[PDB]
Amino acid sequence: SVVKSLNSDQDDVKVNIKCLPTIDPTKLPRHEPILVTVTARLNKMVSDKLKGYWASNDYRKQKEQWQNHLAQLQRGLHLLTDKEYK
Amino acid sequence: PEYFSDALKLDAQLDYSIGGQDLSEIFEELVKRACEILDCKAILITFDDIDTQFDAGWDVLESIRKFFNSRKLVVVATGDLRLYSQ
Amino acid sequence: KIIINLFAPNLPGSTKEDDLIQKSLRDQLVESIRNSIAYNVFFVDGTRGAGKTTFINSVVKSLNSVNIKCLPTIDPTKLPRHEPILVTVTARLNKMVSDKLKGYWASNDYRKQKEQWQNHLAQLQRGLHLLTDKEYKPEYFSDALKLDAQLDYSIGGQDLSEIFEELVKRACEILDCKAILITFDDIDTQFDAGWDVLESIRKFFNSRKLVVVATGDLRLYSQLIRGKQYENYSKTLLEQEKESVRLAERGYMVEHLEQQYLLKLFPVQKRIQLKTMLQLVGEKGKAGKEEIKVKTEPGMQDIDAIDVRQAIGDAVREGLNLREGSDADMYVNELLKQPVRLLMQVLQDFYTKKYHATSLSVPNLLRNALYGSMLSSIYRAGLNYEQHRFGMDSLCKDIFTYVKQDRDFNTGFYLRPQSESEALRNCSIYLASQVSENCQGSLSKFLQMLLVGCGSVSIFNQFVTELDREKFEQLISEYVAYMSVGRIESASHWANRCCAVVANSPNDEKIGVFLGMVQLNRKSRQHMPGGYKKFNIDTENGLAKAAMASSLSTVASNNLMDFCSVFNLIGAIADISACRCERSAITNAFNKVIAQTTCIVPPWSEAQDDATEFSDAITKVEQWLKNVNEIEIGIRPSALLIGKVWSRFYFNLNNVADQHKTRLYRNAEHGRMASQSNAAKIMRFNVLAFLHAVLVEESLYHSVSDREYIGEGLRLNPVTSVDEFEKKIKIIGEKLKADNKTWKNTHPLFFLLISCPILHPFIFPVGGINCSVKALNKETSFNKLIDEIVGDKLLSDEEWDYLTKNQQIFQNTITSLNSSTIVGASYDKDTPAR
Amino acid sequence: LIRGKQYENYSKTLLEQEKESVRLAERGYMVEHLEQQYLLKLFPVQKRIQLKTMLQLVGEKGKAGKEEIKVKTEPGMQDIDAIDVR
Amino acid sequence: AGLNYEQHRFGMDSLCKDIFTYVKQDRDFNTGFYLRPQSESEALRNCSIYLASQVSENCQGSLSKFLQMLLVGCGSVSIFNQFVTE
Amino acid sequence: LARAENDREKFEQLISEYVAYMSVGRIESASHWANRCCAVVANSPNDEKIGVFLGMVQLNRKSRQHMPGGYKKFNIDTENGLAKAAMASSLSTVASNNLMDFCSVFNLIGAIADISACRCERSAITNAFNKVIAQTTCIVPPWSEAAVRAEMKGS
RNA sequence: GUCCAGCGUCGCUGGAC
Ligand SMILES: Nc1ncnc2c1ncn2[C@@H]1O[C@H](COP(=O)(O)OP(=O)(O)OP(=O)(O)O)[C@@H](O)[C@H]1O
């Protein structure tokens, strides 16, 4: 109920809340870090909104920068689940 | 981490609202397609008893909880509660 | 000057220079650090939530304003489970050097220092495999013997302890600082992570250019280091030698090794201790060396900030309905000893919910704060936890569990915080708040705890506990299931079952009088000495019959015993004064249990117009109820009050059942001598002991009042006579006359009880009156004073004169109760003459 | 979960040597103190919300509840002649 | 709660056990035949209401059906309490 | 009351109660200390059941019936000025089941301690001396067999 | 000095005259 009252705002005030889809730890596939699931669901909202732009110059600038941060995270994701240092 | 990039993938198939793999939704649309080919409202999955084992039941119980959730499936289990409760 | 507002995030990364608590300590340590470098490990310790992260963040910010450069603060908890500390420190040191290296201006210096620094950094990378290794691979022996002529390596081998020594020297030259400061954090979340930090400190960080500050608590490091010394013993030896003489000697070598290892790492003359809030603000009387004030509502300008101790008290005196005094100072002094993470946690919830509520039932705000804050302690105590079941049923069962785990029954039901276990010092203050809320602004609920909540504790401790820790728990599982502490129906039904338990224990010389009750004969005995006869219910006419037919009991033993209990009288008051609506309900409470319920023996038992009969009586209750419904709002009970009145009502009632047991002479009927005693005299004191108990404590511990009107004197108990009871009433009445204070407002609980129509017939029964020249002076004075307090004449002068000096029907006095005989008593003996 | 994970954070050998029933006294005490502080840090008390059943809103006799709930039983009555929830 | 959860096949004889099998679980034989929900468990406070509904339906509009349930179902909880103690 | 080797947790717990009741380590006045030690001495009356003790003798607060000699109640006011100054300091009261009076040399030692101070002045001595000659009551220790009845009656 | 009262199990304490 509070999700539908925050993702369906009338754009009344500048401060805004964007709600990710509900995450269920039980139904989530095991041996998968929560941080990975959150980023995957966060990607869909940003990627779909990136597709929704109208200014071609703005879309190309953000896509280059946003895709750069994801490539930085995956390099460090090895450090999250390891059994030894190297 | 080699499969992290695969989860963060945009698809033209149904434009999956939930990111990542999420095998629950992948199997869900498979049943919808099978109903169109078979021309039926729903498909029933019927399981037999586990009355001689205590490991066949656990995989049956877990699969029903996670995957077989759509309205196109009706499941008819079989057994006695004493084994399942234990 | 410290002002702590309650409307901020208050996180360690959200505090300003003014919100800091340990300002004096911070300035001492920072000065102390610079002394050591100019002319080597520090330590700041304290309990959990004492302000560890906040304090260490204050130090690092202050140093950035001899030059000492400080690395960003690190903690072992928020790190990879396998990453060595040396890698983490080096990586942060690289970032600081690189930024300063880009800030140079001379091309020659920057183009030369960078390779000199990079050469050292690349050398440490080669020897890193020596730390994360599993087994010595001998192919590195060849590469460990190529001793370079440069870098001036005094000792051969890899000697990684010296590679860091050279590295830090080069980094200090680039940054142009005399020393480098490293800050760690607490290992409270991750206990195991502290071992790697400790071992690295003693091995690598031994340079003169480094200073280290560590935060935690020595109570946890000791239990970690000592846990690591046992692995140094062979497993086979630990399992073979098991005799206690060797285990004791071995159990001391570990302890001594632990102290020496810790003492060589953190020097004692370097440690700093974080004082909790109690030591800063000081005591109530002895003003401390520093003061702390807080904000309460938004918009409060800094001038009118109240003291923290006063702020806690205003949430305790009003929250628990407890008068200001020594007891109030005890609760606040206990709350200060709590960790700062929890002290500031209750305040941010009570006051915030207070502002929005005001934009009341203040104890409802306090309970919701303490219950959430102390929540973990309730689960350990086994107490109740559910949210939509609060009420009478839970608290009566709830109060029995806390005393059960405290191993106390005498003072247990006072809900004092004077226990010894921490898990029970958090469930006492919360319980004191739970009762203060629930029995507030009502009289039916106030009498239920006094009869059930604070009563069931003492009954078990005196009549059932004299029957093996599994049997003691077996006994408890039966007493609860019989008395029905939970699943209770009514205070009247509780008294009937309580009558069976109290009557099970034997009495000396088989005399049928017990604690707060009298047993009357059911059959008739031939050749009765005197005018005694069988008790009959068809004697009293009106209110005398109503106020006495509601104080009976009936058990279902081999033969039925017909009891008569003052406890059953108390249940009728709380049952009647419950529903304000209708009028037929008053009739039901008089005859709801009398001839409908059978109470079987405990399982551990070793052995005229009918309408006008009560129409005058029923009305009297109705006009009395309107007085209750208009004044009961102003009463403010408390945990102390409902417990203290029960102590006086118990010991006083104990003496009555004992002293009046040897005075059953054959001249008891119509007896009015002091040494004489009968059923009427005994019960005249039981219901008067209850009234006396409420009067004494109300002037002592009650919120609505401001001080005590008893005055200096000795508080006694009317066990055999009533000489001093009105002496109290007369003395108190004088005080309110001088102070121009009305009687009803100052003592609301006493007023609604002394005016109760039900107790009026039992104040002056027939046999209870004493005839003597001195006794009549006190008895007459007693009658006069009660006339003024109630405002209605109890008994008329024409009727009164008959009772005192040797027919006539009565409507406000029991007539033939003294003539009734106690079963199990023989009246062969007569009254001694003296 | 938190209390259990605190016990798994001890040296196993120490838990077998020091069990003289007086050393164990501060073993249980120290775990609860660590566990209690852990819960407050994660979920502050002033950020907890509890659902309210309809009884604590309105229904108790003699008290004017802060809210009023109106229920209409017969089909198609007006929003003014409906009967109270109690 | 182990009562008779049958949708149909109802009668007075099946009701007698329901009264008796409920008081035994509540372990209160003095006031078991009142069916007033005063228990401390939520699983039983929701079954007394169902039982109190069946006694009204079965005994409404008859005399033999009234004496039989009182004599048999209601009395057995009291007589048995005279021989449990021994 | 409880030996050491019988219980090493009951013995230590007694020390925790003893320091709080006896106010050692947080003292405020030497005289108050001497008033407290009077009560703890009487907690174990000798088998002979006499009012004489280690350093104190218990006077009788209420006159008895038959005195074989010329004996009477104490009657504090009978003495003279200087005598009353010393005697009033000696006098002490302990709140028990029934009030009892005590006179111990410890109070005299405590009396000298409070008087002995620097910066002597006429007003300072007058107020301090008047504080020395005062009547104070001390509750029995919490470990006494009658630590609850003396709480009901009050001072 | 005397009467009344209360705590302990005779002793003990309060009040009045
Ligand atoms: N000086 C202070 N002024 C105001 N609030 C303070 C102060 N010190 C501590 N607090 C309060 O106490 C808590 C801070 O505790 P802190 O995080 O420092 O303790 P810790 O448990 O040792 O640290 P860590 O979070 O690293 O485990 C917060 O709730 C904060 O509001």
# chains A, B, ... in the order shown; residues from 1 in each chain; ligands from 1
>>> interface_residues(of="chain B", to="chain A", cutoff="12 Å", atoms="only C-alpha atoms", output="PyMOL selection string")
chain B and resi 1-12+15-25+62-67+69
>>> select_by_dssp(residues="chain D", states="helix (DSSP H, G or I)", output="number ranges by chain")
D: 2-7, 14-17, 23-42, 45-47, 54-57
>>> residues_near_ligand(ligand="ligand 1", cutoff="7 Å", atoms="only C-alpha atoms (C1' of nucleotides) and all ligand atoms", output="VMD selection string")
chain C and resid 4 10 to 12 15 19 to 22 48 to 55 185 to 186 188 to 189 340 to 341 344 to 345
>>> write_last_selection(atoms="N, CA, C and O atoms", output="tab-separated table (two decimals), in the first residue's frame")
chain	number	residue	atom	x	y	z
C	4	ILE	N	22.22	19.04	24.02
C	4	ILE	CA	21.94	17.87	23.21
C	4	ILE	C	20.48	17.95	22.79
C	4	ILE	O	19.57	17.63	23.57
C	10	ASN	N	21.46	12.38	15.30
C	10	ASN	CA	22.30	12.04	16.45
C	10	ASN	C	23.26	10.90	16.15
C	10	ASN	O	23.78	10.27	17.08
C	11	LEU	N	23.51	10.62	14.88
C	11	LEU	CA	24.47	9.60	14.51
C	11	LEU	C	25.89	10.11	14.77
C	11	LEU	O	26.11	11.32	14.89
C	12	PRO	N	26.87	9.21	14.88
C	12	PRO	CA	28.25	9.66	15.08
C	12	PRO	C	28.76	10.57	13.97
C	12	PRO	O	29.64	11.40	14.22
C	15	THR	N	27.09	14.77	14.39
C	15	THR	CA	27.24	15.61	15.57
C	15	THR	C	28.17	16.78	15.27
C	15	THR	O	29.09	16.68	14.46
C	19	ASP	N	27.66	19.21	20.42
C	19	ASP	CA	27.00	18.00	20.87
C	19	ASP	C	27.96	17.00	21.50
C	19	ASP	O	27.50	16.00	22.08
C	20	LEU	N	29.27	17.22	21.41
C	20	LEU	CA	30.23	16.30	21.98
C	20	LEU	C	30.12	16.28	23.50
C	20	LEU	O	29.97	17.33	24.14
C	21	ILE	N	30.19	15.09	24.08
C	21	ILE	CA	30.01	14.92	25.52
C	21	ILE	C	31.34	15.00	26.26
C	21	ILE	O	31.47	15.72	27.25
C	22	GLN	N	32.34	14.25	25.80
C	22	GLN	CA	33.63	14.19	26.48
C	22	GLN	C	34.60	15.22	25.92
C	22	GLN	O	35.67	14.91	25.39
C	48	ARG	N	29.76	-1.01	25.67
C	48	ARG	CA	29.11	-0.83	24.38
C	48	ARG	C	28.20	0.40	24.41
C	48	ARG	O	27.55	0.69	25.41
C	49	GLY	N	28.17	1.13	23.29
C	49	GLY	CA	27.34	2.30	23.21
C	49	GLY	C	27.75	3.43	24.12
C	49	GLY	O	26.92	4.30	24.42
C	50	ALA	N	29.00	3.45	24.57
C	50	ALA	CA	29.49	4.52	25.42
C	50	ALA	C	30.04	5.70	24.63
C	50	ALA	O	30.53	6.66	25.24
C	51	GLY	N	29.97	5.65	23.31
C	51	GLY	CA	30.47	6.73	22.49
C	51	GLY	C	31.88	6.48	21.99
C	51	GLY	O	32.75	7.35	22.09
C	52	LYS	N	32.11	5.29	21.44
C	52	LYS	CA	33.44	4.94	20.95
C	52	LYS	C	33.71	5.54	19.57
C	52	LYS	O	34.70	6.24	19.37
C	53	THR	N	32.82	5.26	18.61
C	53	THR	CA	33.00	5.80	17.27
C	53	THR	C	32.92	7.32	17.27
C	53	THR	O	33.70	7.99	16.58
C	54	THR	N	31.98	7.88	18.03
C	54	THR	CA	31.84	9.34	18.08
C	54	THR	C	33.10	9.99	18.64
C	54	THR	O	33.57	11.01	18.10
C	55	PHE	N	33.67	9.42	19.70
C	55	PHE	CA	34.86	10.01	20.30
C	55	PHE	C	36.06	9.96	19.36
C	55	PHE	O	36.78	10.95	19.21
C	185	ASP	N	39.07	0.88	15.12
C	185	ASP	CA	37.75	0.98	15.73
C	185	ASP	C	37.45	-0.29	16.51
C	185	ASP	O	38.27	-1.21	16.59
C	186	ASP	N	36.25	-0.34	17.08
C	186	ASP	CA	35.87	-1.43	17.96
C	186	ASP	C	35.63	-2.72	17.18
C	186	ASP	O	35.20	-2.71	16.03
C	188	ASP	N	33.49	-4.93	18.44
C	188	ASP	CA	32.34	-5.43	19.18
C	188	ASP	C	31.44	-6.28	18.30
C	188	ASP	O	30.95	-7.33	18.74
C	189	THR	N	31.20	-5.85	17.06
C	189	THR	CA	30.34	-6.62	16.17
C	189	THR	C	31.00	-7.95	15.79
C	189	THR	O	30.38	-9.01	15.91
C	340	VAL	N	24.97	4.89	26.88
C	340	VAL	CA	24.49	6.12	26.25
C	340	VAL	C	23.65	5.82	25.02
C	340	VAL	O	22.71	6.56	24.71
C	341	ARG	N	23.96	4.71	24.35
C	341	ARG	CA	23.20	4.31	23.13
C	341	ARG	C	21.74	3.99	23.50
C	341	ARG	O	20.89	4.03	22.60
C	344	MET	N	19.97	7.76	25.44
C	344	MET	CA	19.47	8.66	24.41
C	344	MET	C	18.47	7.98	23.48
C	344	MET	O	17.94	8.64	22.58
C	345	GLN	N	18.20	6.69	23.68
C	345	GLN	CA	17.24	5.99	22.84
C	345	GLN	C	15.83	6.08	23.41
C	345	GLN	O	14.85	6.17	22.66
>>> residues_around(residues="region 31-37 of chain F", least_positions_apart="3", cutoff="8 Å", atoms="only C-alpha atoms (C1' of nucleotides)", output="list in words")
residues 22, 23, 27, 28, 40, 41, 92, 106, 107, 109, 110, 111, 113, 114, 136 and 138 of chain F
>>> atom_distance(atom1="CA of residue 193 (chain C)", atom2="CA of residue 227 (chain C)")
13.5 Å
>>> residues_around(residues="residue 6 (chain D)", least_positions_apart="6", cutoff="9 Å", atoms="only C-alpha atoms (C1' of nucleotides)", output="list in words")
residues 189, 190 and 191 of chain C; 31, 34 and 35 of chain D
>>> closest_atom_pairs(of="chain C", to="chain E", cutoff="12 Å", atoms="only C-alpha atoms", output="CSV")
residue,atom,partner,partner_atom,distance
C:384,CA,E:40,CA,11.0
C:386,CA,E:40,CA,11.0
C:388,CA,E:42,CA,11.4
C:389,CA,E:40,CA,9.3
C:390,CA,E:40,CA,11.9
C:393,CA,E:40,CA,9.0
C:394,CA,E:40,CA,9.1
C:397,CA,E:40,CA,10.7
C:478,CA,E:27,CA,11.5
C:480,CA,E:28,CA,11.9
C:481,CA,E:28,CA,8.3
C:482,CA,E:28,CA,9.0
C:483,CA,E:28,CA,11.4
C:484,CA,E:28,CA,9.5
C:485,CA,E:40,CA,11.1
C:486,CA,E:40,CA,7.5
C:487,CA,E:38,CA,5.2
C:488,CA,E:38,CA,7.6
C:489,CA,E:38,CA,8.2
C:490,CA,E:38,CA,11.7
C:493,CA,E:31,CA,11.7
C:497,CA,E:30,CA,11.7
C:556,CA,E:82,CA,10.1
C:557,CA,E:82,CA,10.8
C:558,CA,E:82,CA,11.7
C:597,CA,E:30,CA,9.3
C:598,CA,E:30,CA,8.7
C:599,CA,E:30,CA,8.4
C:600,CA,E:82,CA,8.4
C:601,CA,E:85,CA,8.8
C:602,CA,E:85,CA,8.7
C:603,CA,E:85,CA,6.0
C:604,CA,E:85,CA,9.1
C:605,CA,E:85,CA,9.8
C:606,CA,E:86,CA,11.8
>>> write_last_selection(atoms="N, CA and C atoms", output="mmCIF file, in the first residue's frame")
data_model
loop_
_atom_site.group_PDB
_atom_site.id
_atom_site.type_symbol
_atom_site.label_atom_id
_atom_site.label_comp_id
_atom_site.auth_asym_id
_atom_site.auth_seq_id
_atom_site.Cartn_x
_atom_site.Cartn_y
_atom_site.Cartn_z
ATOM 1 N N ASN C 384 5.846 -11.773 29.213
ATOM 2 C CA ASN C 384 4.921 -11.701 28.094
ATOM 3 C C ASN C 384 5.411 -10.664 27.089
ATOM 4 N N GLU C 386 3.297 -10.118 23.776
ATOM 5 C CA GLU C 386 2.343 -9.853 22.711
ATOM 6 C C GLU C 386 1.797 -8.435 22.858
ATOM 7 N N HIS C 388 -1.292 -6.944 21.493
ATOM 8 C CA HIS C 388 -2.715 -6.670 21.653
ATOM 9 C C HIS C 388 -3.355 -7.539 22.733
ATOM 10 N N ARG C 389 -2.606 -7.861 23.787
ATOM 11 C CA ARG C 389 -3.146 -8.606 24.918
ATOM 12 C C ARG C 389 -2.887 -7.918 26.253
ATOM 13 N N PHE C 390 -2.430 -6.669 26.244
ATOM 14 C CA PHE C 390 -2.155 -5.963 27.487
ATOM 15 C C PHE C 390 -3.446 -5.742 28.270
ATOM 16 N N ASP C 393 -5.327 -9.448 32.676
ATOM 17 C CA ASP C 393 -4.974 -10.865 32.645
ATOM 18 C C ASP C 393 -3.468 -11.066 32.534
ATOM 19 N N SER C 394 -2.805 -10.276 31.690
ATOM 20 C CA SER C 394 -1.366 -10.437 31.514
ATOM 21 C C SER C 394 -0.604 -10.009 32.759
ATOM 22 N N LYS C 397 -0.529 -12.420 35.752
ATOM 23 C CA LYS C 397 0.402 -13.498 35.441
ATOM 24 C C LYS C 397 1.821 -12.965 35.279
ATOM 25 N N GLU C 478 0.945 -26.168 39.515
ATOM 26 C CA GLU C 478 -0.376 -26.481 40.046
ATOM 27 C C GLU C 478 -1.045 -25.285 40.706
ATOM 28 N N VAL C 480 -0.670 -22.097 39.944
ATOM 29 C CA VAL C 480 -1.146 -21.198 38.897
ATOM 30 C C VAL C 480 -2.394 -21.765 38.233
ATOM 31 N N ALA C 481 -2.370 -23.058 37.904
ATOM 32 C CA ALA C 481 -3.505 -23.685 37.237
ATOM 33 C C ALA C 481 -4.731 -23.800 38.130
ATOM 34 N N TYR C 482 -4.576 -23.657 39.446
ATOM 35 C CA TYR C 482 -5.702 -23.700 40.373
ATOM 36 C C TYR C 482 -6.228 -22.304 40.682
ATOM 37 N N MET C 483 -5.353 -21.409 41.142
ATOM 38 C CA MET C 483 -5.763 -20.043 41.437
ATOM 39 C C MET C 483 -6.151 -19.273 40.184
ATOM 40 N N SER C 484 -5.766 -19.762 39.007
ATOM 41 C CA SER C 484 -6.080 -19.126 37.730
ATOM 42 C C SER C 484 -5.594 -17.677 37.708
ATOM 43 N N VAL C 485 -4.273 -17.522 37.816
ATOM 44 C CA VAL C 485 -3.683 -16.189 37.729
ATOM 45 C C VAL C 485 -3.989 -15.573 36.370
ATOM 46 N N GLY C 486 -3.820 -16.352 35.303
ATOM 47 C CA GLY C 486 -4.416 -16.020 34.028
ATOM 48 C C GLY C 486 -5.771 -16.686 33.874
ATOM 49 N N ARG C 487 -6.483 -16.300 32.815
ATOM 50 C CA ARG C 487 -7.824 -16.824 32.546
ATOM 51 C C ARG C 487 -8.754 -16.561 33.732
ATOM 52 N N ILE C 488 -8.569 -15.417 34.382
ATOM 53 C CA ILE C 488 -9.360 -15.074 35.558
ATOM 54 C C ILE C 488 -10.756 -14.650 35.125
ATOM 55 N N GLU C 489 -11.742 -14.934 35.975
ATOM 56 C CA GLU C 489 -13.128 -14.568 35.711
ATOM 57 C C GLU C 489 -13.553 -13.316 36.467
ATOM 58 N N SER C 490 -13.302 -13.269 37.772
ATOM 59 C CA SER C 490 -13.687 -12.124 38.584
ATOM 60 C C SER C 490 -12.906 -12.162 39.888
ATOM 61 N N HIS C 493 -14.606 -14.555 42.323
ATOM 62 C CA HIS C 493 -14.312 -15.970 42.124
ATOM 63 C C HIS C 493 -12.904 -16.317 42.586
ATOM 64 N N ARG C 497 -11.764 -19.362 45.594
ATOM 65 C CA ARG C 497 -10.706 -20.354 45.443
ATOM 66 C C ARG C 497 -9.563 -20.095 46.415
ATOM 67 N N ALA C 556 -16.061 -28.053 48.757
ATOM 68 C CA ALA C 556 -16.694 -29.330 48.435
ATOM 69 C C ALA C 556 -15.836 -30.496 48.909
ATOM 70 N N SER C 557 -15.412 -30.447 50.171
ATOM 71 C CA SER C 557 -14.627 -31.528 50.758
ATOM 72 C C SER C 557 -15.532 -32.695 51.141
ATOM 73 N N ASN C 558 -15.013 -33.625 51.950
ATOM 74 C CA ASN C 558 -15.825 -34.739 52.435
ATOM 75 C C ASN C 558 -17.127 -34.234 53.044
ATOM 76 N N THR C 597 -21.904 -21.633 42.660
ATOM 77 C CA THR C 597 -20.576 -22.159 42.372
ATOM 78 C C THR C 597 -20.141 -23.128 43.461
ATOM 79 N N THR C 598 -19.593 -24.266 43.047
ATOM 80 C CA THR C 598 -18.940 -25.207 43.945
ATOM 81 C C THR C 598 -17.445 -25.211 43.650
ATOM 82 N N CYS C 599 -16.635 -25.105 44.700
ATOM 83 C CA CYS C 599 -15.181 -25.050 44.571
ATOM 84 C C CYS C 599 -14.599 -26.323 45.174
ATOM 85 N N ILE C 600 -14.166 -27.239 44.306
ATOM 86 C CA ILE C 600 -13.608 -28.501 44.771
ATOM 87 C C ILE C 600 -12.277 -28.251 45.478
ATOM 88 N N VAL C 601 -11.831 -29.254 46.228
ATOM 89 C CA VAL C 601 -10.605 -29.165 47.016
ATOM 90 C C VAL C 601 -9.399 -29.073 46.088
ATOM 91 N N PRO C 602 -8.300 -28.458 46.521
ATOM 92 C CA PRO C 602 -7.115 -28.401 45.670
ATOM 93 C C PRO C 602 -6.573 -29.792 45.416
ATOM 94 N N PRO C 603 -5.899 -30.002 44.282
ATOM 95 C CA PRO C 603 -5.445 -31.361 43.954
ATOM 96 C C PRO C 603 -4.276 -31.842 44.797
ATOM 97 N N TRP C 604 -3.534 -30.941 45.442
ATOM 98 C CA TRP C 604 -2.466 -31.343 46.347
ATOM 99 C C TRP C 604 -2.922 -31.401 47.799
ATOM 100 N N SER C 605 -4.228 -31.487 48.038
ATOM 101 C CA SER C 605 -4.764 -31.549 49.393
ATOM 102 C C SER C 605 -4.348 -32.860 50.047
ATOM 103 N N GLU C 606 -3.476 -32.773 51.053
ATOM 104 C CA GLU C 606 -3.041 -33.972 51.763
ATOM 105 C C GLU C 606 -4.205 -34.636 52.487
#
>>> atom_distance(atom1="CA of residue 58 (chain C)", atom2="CA of residue 339 (chain C)")
19.3 Å
>>> interface_residues(of="chain C", to="chain G", cutoff="10 Å", atoms="only C-alpha atoms (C1' of nucleotides)", output="list in words")
residues 713, 714, 715, 716, 717, 718, 719, 720, 721, 722, 723, 724, 774 and 775 of chain C
>>> write_last_selection(atoms="N, CA, C and O atoms", output="short mmCIF file (atom, residue, chain, number, x, y, z; two decimals), in the first residue's frame")
data_model
loop_
_atom_site.label_atom_id
_atom_site.label_comp_id
_atom_site.auth_asym_id
_atom_site.auth_seq_id
_atom_site.Cartn_x
_atom_site.Cartn_y
_atom_site.Cartn_z
N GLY C 713 6.02 10.78 64.22
CA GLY C 713 5.39 9.88 65.15
C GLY C 713 5.68 8.44 64.79
O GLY C 713 6.50 8.15 63.92
N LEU C 714 4.98 7.53 65.47
CA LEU C 714 5.13 6.10 65.27
C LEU C 714 3.85 5.54 64.67
O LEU C 714 2.76 5.76 65.20
N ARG C 715 3.99 4.81 63.56
CA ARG C 715 2.86 4.22 62.87
C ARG C 715 2.64 2.81 63.39
O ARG C 715 3.51 1.94 63.23
N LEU C 716 1.50 2.58 64.02
CA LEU C 716 1.18 1.30 64.64
C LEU C 716 -0.03 0.67 63.94
O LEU C 716 -0.53 1.19 62.93
N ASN C 717 -0.49 -0.45 64.48
CA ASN C 717 -1.54 -1.24 63.85
C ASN C 717 -2.63 -1.58 64.86
O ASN C 717 -2.34 -2.10 65.94
N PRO C 718 -3.90 -1.30 64.54
CA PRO C 718 -4.99 -1.66 65.45
C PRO C 718 -5.34 -3.15 65.41
O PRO C 718 -6.24 -3.55 64.68
N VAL C 719 -4.62 -3.96 66.19
CA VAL C 719 -4.86 -5.40 66.18
C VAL C 719 -5.88 -5.81 67.24
O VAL C 719 -6.75 -6.64 66.97
N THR C 720 -5.80 -5.26 68.45
CA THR C 720 -6.70 -5.64 69.53
C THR C 720 -7.74 -4.57 69.85
O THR C 720 -8.86 -4.92 70.22
N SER C 721 -7.39 -3.30 69.71
CA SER C 721 -8.35 -2.22 69.92
C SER C 721 -8.29 -1.23 68.77
O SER C 721 -7.67 -1.50 67.74
N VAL C 722 -8.96 -0.09 68.92
CA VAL C 722 -8.95 0.96 67.90
C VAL C 722 -8.53 2.28 68.53
O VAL C 722 -9.00 3.34 68.12
N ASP C 723 -7.67 2.21 69.54
CA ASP C 723 -7.32 3.42 70.29
C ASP C 723 -6.60 4.44 69.42
O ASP C 723 -6.84 5.65 69.53
N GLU C 724 -5.70 3.98 68.54
CA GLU C 724 -4.88 4.91 67.77
C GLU C 724 -5.38 5.12 66.34
O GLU C 724 -4.83 5.98 65.64
N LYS C 774 -13.20 4.10 79.56
CA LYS C 774 -12.18 4.61 78.65
C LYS C 774 -12.48 4.20 77.21
O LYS C 774 -12.26 4.98 76.28
N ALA C 775 -12.96 2.97 77.01
CA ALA C 775 -13.24 2.49 75.66
C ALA C 775 -14.36 3.29 75.00
O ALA C 775 -14.30 3.58 73.80
#
>>> residues_around(residues="region 71-80 of chain F", least_positions_apart="4", cutoff="12 Å", atoms="only C-alpha atoms (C1' of nucleotides)", output="VMD selection string")
chain F and resid 58 to 67 84 to 92 101 to 103 135
>>> interface_residues(of="chain F", to="chain C", cutoff="12 Å", atoms="only C-alpha atoms", output="list in words")
residues 13, 16, 17, 26, 28, 95, 97, 98, 99, 142, 147, 148, 149, 150, 151, 152, 153, 154 and 155 of chain F
>>> atom_distance(atom1="CA of residue 364 (chain C)", atom2="CA of residue 437 (chain C)")
6.0 Å
>>> residues_around(residues="region 752-762 of chain C", least_positions_apart="6", cutoff="6 Å", atoms="only C-alpha atoms (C1' of nucleotides)", output="list in words")
residues 544, 547, 684, 790, 812 and 813 of chain C
>>> residues_around(residues="residue 58 (chain E)", least_positions_apart="6", cutoff="9 Å", atoms="only C-alpha atoms (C1' of nucleotides)", output="list in words")
residues 11, 12, 65 and 66 of chain E
>>> interface_residues(of="chain C", to="chain D", cutoff="10 Å", atoms="only C-alpha atoms", output="ChimeraX atom specification")
/C:47-49,188-193,219-220,223-231,233,235,238-239,247,251,339,341-342,345-350,352-353,368-377,380,387-388,421-423,579-581
